[PDB]
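Trainee: Starting off with a structure, shown below.
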Amino acid sequence: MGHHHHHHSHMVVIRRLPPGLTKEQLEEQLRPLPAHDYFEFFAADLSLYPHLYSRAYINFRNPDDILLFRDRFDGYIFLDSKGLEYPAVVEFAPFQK
């Protein structure tokens, strides 16, 4: 009995998220990864936003999966119905054992 020893899963977070879209339309681009996991995603109404700021958190299974999506999603513009530019920046989360 033992384990196959899998590569270490490092945590990742997203930056520059203004209140507009809800997790349903928000996580679609935050967790479309192959081998990964996912955390709490915030909610918001574009029809007069709830004022406050909230941050989404991403979790992985493979460090290779990281550099894959981390490079392509590094500061990309997602557009809402109103034309709301979401400049989503993916980076490495402050690691805590």
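Simple scheme: letters A, B, ... for chains in structure tokens order, numbers from 1 for residues in each chain, numbers from 1 for ligands in the order shown.
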Quick one: everything within 9 Å of residue 27 in chain A, counting only C-alpha atoms, minus sequence neighbours fewer than 6 positions away in the same chain. Send it as a PyMOL selection string.
Mentor: chain A and resi 38+41-42+56
Trainee: Might you pull out every residue within 12 Å of residue 6 in chain A, with only C-alpha atoms counted and same-chain residues fewer than 6 positions away left off, and present them as number ranges by chain?
Mentor: A: 35, 61-64
Trainee: Kindly export the residues of the current selection with N, CA and C atoms, as a PDB file, in the first residue's frame.
Mentor:
```pdb
ATOM      1  N   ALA A  35      -6.665  19.223 -15.878  1.00  0.00           N
ATOM      2  CA  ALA A  35      -6.480  18.587 -14.565  1.00  0.00           C
ATOM      3  C   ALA A  35      -6.391  19.634 -13.444  1.00  0.00           C
ATOM      4  N   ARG A  61      -4.272  20.580 -10.020  1.00  0.00           N
ATOM      5  CA  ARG A  61      -3.825  19.218  -9.703  1.00  0.00           C
ATOM      6  C   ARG A  61      -2.376  18.995 -10.172  1.00  0.00           C
ATOM      7  N   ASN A  62      -1.935  19.781 -11.159  1.00  0.00           N
ATOM      8  CA  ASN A  62      -0.610  19.598 -11.775  1.00  0.00           C
ATOM      9  C   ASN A  62       0.091  20.953 -12.028  1.00  0.00           C
ATOM     10  N   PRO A  63       1.369  21.109 -11.606  1.00  0.00           N
ATOM     11  CA  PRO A  63       2.144  22.344 -11.842  1.00  0.00           C
ATOM     12  C   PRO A  63       2.329  22.667 -13.337  1.00  0.00           C
ATOM     13  N   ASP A  64       2.233  21.646 -14.189  1.00  0.00           N
ATOM     14  CA  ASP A  64       2.315  21.841 -15.642  1.00  0.00           C
ATOM     15  C   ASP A  64       1.026  22.470 -16.193  1.00  0.00           C
TER      16      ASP A  64
END
```
Trainee: Using only C-alpha atoms, which of A:49, A:84, A:36, A:74 sits nearest residue 11 in chain A?
Mentor: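 Smallest separation from residue 11 in chain A among the options: A:36.
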Trainee: Name the residues of chain A that fall into strand (DSSP E or B) according to DSSP on the backbone, using the chain letters and numbers of this document, as a list in words.
Mentor: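 Reading the DSSP output for chain A, strand (DSSP E or B) covers residues 12, 13, 14, 15, 36, 37, 38, 57, 58, 59, 60, 76, 77, 78, 79, 85, 86, 87, 88, 89, 90, 91 and 92 of chain A.
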Trainee: Given only C-alpha atoms as the basis, pick out the residue of A:10, A:20, A:15, A:75 nearest to residue 47 in chain A.
Mentor: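 The shortest atom-to-atom distance to residue 47 in chain A comes from A:20.
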Trainee: Point out the residue among A:65, A:37, A:80, A:91 with the least atom-to-atom distance to residue 22 in chain A, counting only C-alpha atoms.
Mentor: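 Looking only at the distances to residue 22 in chain A, the closest residue turns out to be A:80.
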